[PDB]
Amino acid sequence: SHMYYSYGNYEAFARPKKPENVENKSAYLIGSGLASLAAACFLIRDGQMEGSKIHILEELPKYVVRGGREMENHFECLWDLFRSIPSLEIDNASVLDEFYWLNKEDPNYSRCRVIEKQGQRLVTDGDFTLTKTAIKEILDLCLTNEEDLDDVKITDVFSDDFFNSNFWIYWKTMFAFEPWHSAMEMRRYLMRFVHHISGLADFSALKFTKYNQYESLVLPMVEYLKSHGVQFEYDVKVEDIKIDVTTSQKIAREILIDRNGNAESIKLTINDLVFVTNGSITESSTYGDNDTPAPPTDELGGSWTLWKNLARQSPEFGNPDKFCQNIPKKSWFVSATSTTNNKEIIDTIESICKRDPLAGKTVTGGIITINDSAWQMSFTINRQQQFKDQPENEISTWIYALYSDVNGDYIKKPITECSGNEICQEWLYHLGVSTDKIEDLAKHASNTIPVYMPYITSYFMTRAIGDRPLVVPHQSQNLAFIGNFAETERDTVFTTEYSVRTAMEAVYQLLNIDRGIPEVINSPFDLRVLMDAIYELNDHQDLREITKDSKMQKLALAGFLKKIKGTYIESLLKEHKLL
Amino acid sequence: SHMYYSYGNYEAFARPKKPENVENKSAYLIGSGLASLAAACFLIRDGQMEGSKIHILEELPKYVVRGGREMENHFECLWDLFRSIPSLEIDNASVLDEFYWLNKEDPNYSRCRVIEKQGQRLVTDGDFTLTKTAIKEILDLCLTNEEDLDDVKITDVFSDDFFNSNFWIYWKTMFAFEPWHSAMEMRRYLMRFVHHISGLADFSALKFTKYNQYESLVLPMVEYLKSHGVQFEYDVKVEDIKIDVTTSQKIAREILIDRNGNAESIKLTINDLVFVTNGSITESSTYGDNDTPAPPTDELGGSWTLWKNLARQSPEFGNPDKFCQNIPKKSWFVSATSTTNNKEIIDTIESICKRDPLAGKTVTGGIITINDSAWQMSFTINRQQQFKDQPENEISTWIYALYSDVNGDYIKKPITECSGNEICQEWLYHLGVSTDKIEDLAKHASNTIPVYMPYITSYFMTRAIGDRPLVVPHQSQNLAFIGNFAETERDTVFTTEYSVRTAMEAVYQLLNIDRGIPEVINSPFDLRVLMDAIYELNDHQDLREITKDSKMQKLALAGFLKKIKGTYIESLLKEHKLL
Amino acid sequence: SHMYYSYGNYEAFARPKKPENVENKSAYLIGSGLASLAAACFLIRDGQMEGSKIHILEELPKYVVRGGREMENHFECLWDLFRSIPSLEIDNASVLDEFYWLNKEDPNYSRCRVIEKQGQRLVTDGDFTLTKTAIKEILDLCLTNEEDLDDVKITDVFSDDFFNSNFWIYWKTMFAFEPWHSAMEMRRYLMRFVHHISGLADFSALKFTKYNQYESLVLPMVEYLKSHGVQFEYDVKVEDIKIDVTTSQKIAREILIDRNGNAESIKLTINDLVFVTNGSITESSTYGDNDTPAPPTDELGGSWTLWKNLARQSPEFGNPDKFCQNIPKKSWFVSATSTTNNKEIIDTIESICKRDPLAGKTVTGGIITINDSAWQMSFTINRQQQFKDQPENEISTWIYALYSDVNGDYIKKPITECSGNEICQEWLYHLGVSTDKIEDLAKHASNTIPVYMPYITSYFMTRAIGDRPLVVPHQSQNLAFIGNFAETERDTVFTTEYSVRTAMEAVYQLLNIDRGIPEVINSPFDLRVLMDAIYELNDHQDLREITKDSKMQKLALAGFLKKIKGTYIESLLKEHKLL
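Residue numbers (the working numbering), protein chains in the order written: chain A, 1 to 579; chain B, 580 to 1158; chain C, 1159 to 1737.
Okay, here's the thing in structure tokens:
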């Protein structure tokens, strides 16, 4: 046991001892992603490794919005990390300090969630409209083991009652889930955010940064790492890492890189740690403009080639083909971001979200789902402006579509074949803008940049156990896997927390840092949380109202209330407005 | 009793006394095979015979792969021999030292075993899919006496349920078994590798050399023997050995040889030991090239002529006709090895075996069986390169076909009539390569050398007791029989161990070396091994799951668990995951 | 898993790689016992540690026989150790080489085992005379789990039928067992030597050295260690070792020693290994002479004080009080050795053992049990002479008594109160020597030296799991426990093998030596061995004769023979003379 999980304020504020033999240890980190930079920060702070011994290998040499970066309060590893990181906006404060102070002065909530019939709000908005069978299937999925859900799709565990509910409409759009996705990952998602079911439709439980995660999270970490003398090597293309797998231990021996076009090798010892971010969701991302579509592609990038090269060496390094291959053509591929300063586009937006987009505060509260759209288009507007040099009179909205190969409503072309204006054409169509001024507002009054990510749905692909490698593989001395494609316990991928948690576990295991890693929050194992979930799932109903029709449940409930009458259980039932 | 079997560390590290009257004893060894060179090494080391008194008689004067040379850890005689043999690659180490160190740093295991429908993996791969009757017949074969299995074919003891199972697919390809082969030899094979049933499909129990057995085993022994002054006579063709068989003893009196074309005779005394390797599986092996087939033949060679001449002198010298005659035309005759450096052939290979062939490590883990092939083609790629001067960018694969007189899938000709490219044509066909670039990749991008061994299936021919002579015949003073056609106890032919074991027994009996010969491993007689075999044979099932359908076994099992409840037997059942 | 068990010739002759970071590691070894010197030999050979970094701490500054040092062939760890140790008697040979050669030219067997009525042999000698219930209890003890036998005496698992059998007479005298001893240790003894049941009464399976273990084993190891520059520090009294036990790891930090009367401390790092031989069976051993008894004592020595000091630091370091305290007063305490050259004493000995004591070969084959003696006196004579400077005309016999507080037959005093001659008085009494010349033969013609070991029965004291610490405790970095009071798997204490096995496991775990440790022999898990045991236990009887009286077994046997008729099982039954 090279690590142990913990919770509470004891292990939270505790600093560990300097681990043994660190001063003779180095670290090479492949990529400059969020997980990679988090691991470097943990090595500096918790590992007490000097910055000169840490190397960041970056492929690249020395308005686009990567939306869907929702955050919540119980990102335990994220706030553990973003505590010692000083901020860049205000002085004598941390990244968490600004985030805490900004989310308490302007709480995030959505006054409108789903619209249909070209602008009109959904009549059953706010309600989940989950049937008894739909709630049963939700409970059945959560009560099944993770081992029994290998290579199981969403459609295999849910019926048509679930998909016709408003709960699935919120769930499939918040997390960009698809019906052909991993049931293991969805079951992790249900259990992780079971305490946010009350704040699911209105996004009251969601927290957002002042800007994009690049300048709010990545840039503060870059400034922090550069202050400690962390070496950043650029123009480094990592081909493969030579691993010798013996029956007793596995050591990274050598890395083959392409340093500025010249292929050369770095030698490794047992002390020289290697952190690999296997796979990438932003790799091979072709871009477009307001006049031409983003060209589709399926070219495996550097991150996917490295994982394929590593996987050939050992079976327990994971299967990269289960994520980067055979991605359905109906999956989410194309995302667009549209920037405009035109008044009547903003006025139409304000007429739907009931808030001023130029006010500088929460605008939409999150995303807005177009239920009638064939593309399953969903758009969001964050706290404008999300960028530094962006003018104060301009807004930046982010548009993504779930289905890809279906013709749109206003434009009879798939999202993959539509240019930047054409995506903006159908977006204005569903906002209630008339079909006369719709054309010139997109082509001239707005600038929309499409982007085609062929791997933006890879983390939710159906997988088995061992498809994702462990964060530290078994019997591994200096090799770690970080990012959204590393296997850890009870955590949800495609979150900032997952990348940070994998970074923390990798550093703590390799360096034998004897401090408790904060576990995933115990919401699914909490009596109070589960009781609030039951109330919220069936549209704010008491136990008498939930079982008012079924005789088998009515008899069981009558016996239950008799045995708990005048007890602390009944007090728990009443205070959670279930009785 | 001129010898005794032993096991454990006592007789393993013990050195025997110098046997009596050795300094007046000589040794003439016919052939330079693996068994012959092993006997010379034992005479030098254990017999303490000087090298000048040992003669090696070789027929021959002073890329092809002889694949299927699997090795496992329990080759007790082989590691006893290859301990005092110094290595040729690294200094101050033995042959076992390199083999131990290489197989612990890169363990051998196969990520793919059987493919069908032109490239796609078998859906039931890894599983055995043995029915209850198939497991019953496997147990029945092992529980029958060796004396009752004389001249018994494989089809005579197995039914159609066994042959439709995946277990037979692995078994018939690992050992190149045929349905018309000896049941005695298969029963020996089942009992010998009963402890490797868990590691049967994935080849986790198999061990491999760095190169072919010629340079990994034969050449180190040649260098060892030459260092001790062992006489090697070349251009010596042994016709027959004059044996006088009296009622009390049998002595080799004289050997007729053809020394460099001149027929002359060597005289023998009782002291002058003679070691004969009767029969040969590589004899009369015609070769081909990339454009012409290997010409079939049935010409008896030097080894088979010598055995026939020896057999006429005495009935207990064995029956050579039971192995070298009436070999079925459907038996394995033709093997091919293909060398290429073309990228897309290697890429297709990497796409199936999930490992880089040019990495220098385990490539396929063993063989790959084409289940849909009419030829029953099976191909393997070992740790490239298997040769010394071979370039680093080239791979060498070995292809053999079980059935011989049946037309292939892509080429409507038997394997016996197909040239080197044509064998490579159908091999690329079953790898999933398209039927447009299939032709020029074999004829131009690859070089394949066929070879026709007419006796590569002789050791598995159906035999009775006495068909193979004893290693030392009864009442024999200076004549011994070594190799795969000598009869010993409980050991499996067509292994490197069998040739070495026969060499060790012959030297120990003739010289009266009083040291325990390491017995065949006691896996069939081990409680723990047999229990692990039961779990693995029925696809990882407990006793409750195995007997869940049969009422007769269910009643017997219930009584069994009642009598062993809370005992060490139940602890044995649980720790072997059978309960 | 810091170690793994193995068997066979593969891991036997294999040499491991030099383990990592050894050149910066040291080793301090407390005591100069057999286990301590074995650990130093393993560190030199397998660990490749230089001799200057190994320290042996000895309490003592720079004819008595410690009898009962029986050896057998399957001491797997002992022969693994005593292979690289050169001998001191003959050149170009090892310790195993001499032992193998001496035990093959003069096999050890006893022509007389038990005598009674003052010299006459037991009428039922050779036979076990085990009843059906006694055999049942023997099987029941072996079939019970080790976990369920915590603090269980011998009397708690056996009845009066077992103790009246000749099997118990041999068993209680060969191993010096007592009725109030550990059932766990006896169950280990039954399972370990289940393959020596045939050679139990006649001692045909026992093997002996040329001299005592000090000069045959300890002195060759001392010469071997001194040749490699191993540091031997004398006049070092180890008080206690400072251990800091954290939640993650345990490190030996400092050792308090008394170097030549001056108390000073040695500092320790994580690299500096410490090997502790907790407890001692020869500690506080008072001596006597031919005229005065050995004074009884109960003073805890250096070894027991160190274990008590270590046990206070951590609960999983074992309970020393369960072995060194509350030892029954009837337990074996006093042993005597008598040296004489008188003719008529030797002639009487030759008249009983049927062999010449002065011949220089096997004399008694082992021990001789006096069944009628109240002391339960047993005496042995090994291959004279057992010493170097001892004259050729003198013999040395070793006498021990099981019961201690009971009056003898010829002398109405306990063994604890009898002087050296008086022990020799009663020994001559039971040899058949007349009661007239009995007195002057002991007082004048013989010299007998008593010795009082108060802890010679501590290893067989009743214990629970955790009473003996693990060889390497859980989460221990540089602390190991070796000797007969360390807990290992399936091995029997009070053997030379147990001390060596604990030494090998400690070195292999602490240094992470990746070589298979030879497991305890698989005799209890062997079909062939268990079948031979059944035949021998019931006095050479077939299955028809064993179950000739019980109807329940007769019906079951009839069904068994019907199902195995004409099978390999029946062949196994016949060849083991059970059918």
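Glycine included, every Cβ here is placed at the ideal spot set by N, Cα and C.
- The continuous beta strand (DSSP E) containing B:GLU833 extends over residues 829–838.
- In this structure, the beta-carbon distance from C:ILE1296 to C:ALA1341 does not fall below 8 Å.
- Taking the Cα of A:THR337 as reference, the smallest distance to any Cα among A:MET191, A:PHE232, A:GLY261 and A:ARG66 is reached at A:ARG66.
- Against chain A, the CB of C:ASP1456 has no partner CB under 8 Å away; the residue lies outside that interface.
- By the neighbour-count criterion, in which 16 or more other beta carbons inside 10 Å mark a residue as buried, B:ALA713 falls on the buried side.
- Taking C-alpha positions only, C:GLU1647 is separated from C:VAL1352 by approximately 17 Å.
- Residue environment analysis places A:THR567 among the exposed positions, since fewer than 16 neighbouring C-beta atoms fall within 10 angstroms of its C-beta.
- Less than 8 Å separates the beta-carbon of C:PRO1612 from that of C:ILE1485.
- With respect to A:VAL95, A:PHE75 sits apart: the two C-beta atoms are not nearer than 8 Å.
- Residue environment analysis places A:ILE44 among the buried positions, since at least 16 neighbouring C-beta atoms fall within 10 angstroms of its C-beta.
- Assignment of A:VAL500 by DSSP, reduced to helix, strand and coil, places it in the helix class.
- A residue is called buried once 16 or more other Cβ atoms fall within 10 Å of its Cβ, and B:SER983 is buried on that count.
- The DSSP assignment places 54–57 and 114–116 as complete runs of the beta strand (DSSP E) inside the segment 44–125 of chain A, in order along the chain (cut-off: 3 residues).
- DSSP places A:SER303 in the uninterrupted alpha helix (DSSP H) bounded by 302–311.
- B:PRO799 carries a helical assignment under DSSP once its states are collapsed to helix, strand and coil.
- Separation of A:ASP127 and B:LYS1016 (C-alpha to C-alpha, rounded to the nearest whole angstrom) is 60 Å.
- Proximity of A:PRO391 to chain B, defined by a Cβ-Cβ separation below 8 Å, is not satisfied.
- Against C:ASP1672, the close residues of chain A are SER248, in the order they occur along the chain (beta-carbon pairs closer than 7 Å).
- In the structure shown, the three-state DSSP call for C:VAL1310 is coil.
- Using a C-beta cut-off of 8 Å, the segment 1189–1201 of chain C makes no contact with the segment 1698–1707 of chain C, since fewer than three inter-stretch Cβ pairs fall below that distance.
- Under the three-state reduction of DSSP output, A:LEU579 falls in the coil class, being neither helix nor strand.
- Residue contact check for C:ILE1401 against chain A: no CB pair falls below 8 Å.
- The three-state secondary structure of C:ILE1704, taken from DSSP, is helix.
- When only Cα atoms are considered, C:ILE1727 and C:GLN1711 end up about 19 Å apart.
- The C-alpha of A:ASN538 lies about 39 Å from the C-alpha of A:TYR214.
- Closest in alpha carbon position to A:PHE481, among A:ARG15, A:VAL152, A:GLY288 and A:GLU316, is A:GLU316.
- For the C-beta of C:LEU1301, the chain B residues within less than 7 Å are, from N- to C-terminus, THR1146, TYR1147 and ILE1148.
- In the DSSP annotation of this structure, the continuous segment of the alpha helix (DSSP H) that includes C:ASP1318 starts and ends at 1318–1321.
- For A:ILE349, the enclosing alpha helix (DSSP H) covers residues 343–353.
- The shortest CA-to-CA distance from B:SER914 to any of B:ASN1000, B:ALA1043 and B:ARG766 is the one to B:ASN1000.
- In the displayed model, C:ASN1551 falls within coil according to three-state DSSP, outside both helix and strand.
- When the Cα atoms are used, B:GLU668 and B:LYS789 turn out to be separated by approximately 10 Å.
- Between C:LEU1468 and C:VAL1432, the beta carbon gap of about 10 Å keeps them out of contact (Cβ cut-off 8 Å).
- Here DSSP, grouped into helix, strand and coil, assigns C:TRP1338 to coil.
- With a threshold of 16 other beta carbon atoms within 10 Å, C:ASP1625 meets it and is buried.
- When Cβ-Cβ separations below 8 Å define contact, A:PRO315 makes contact with chain B.
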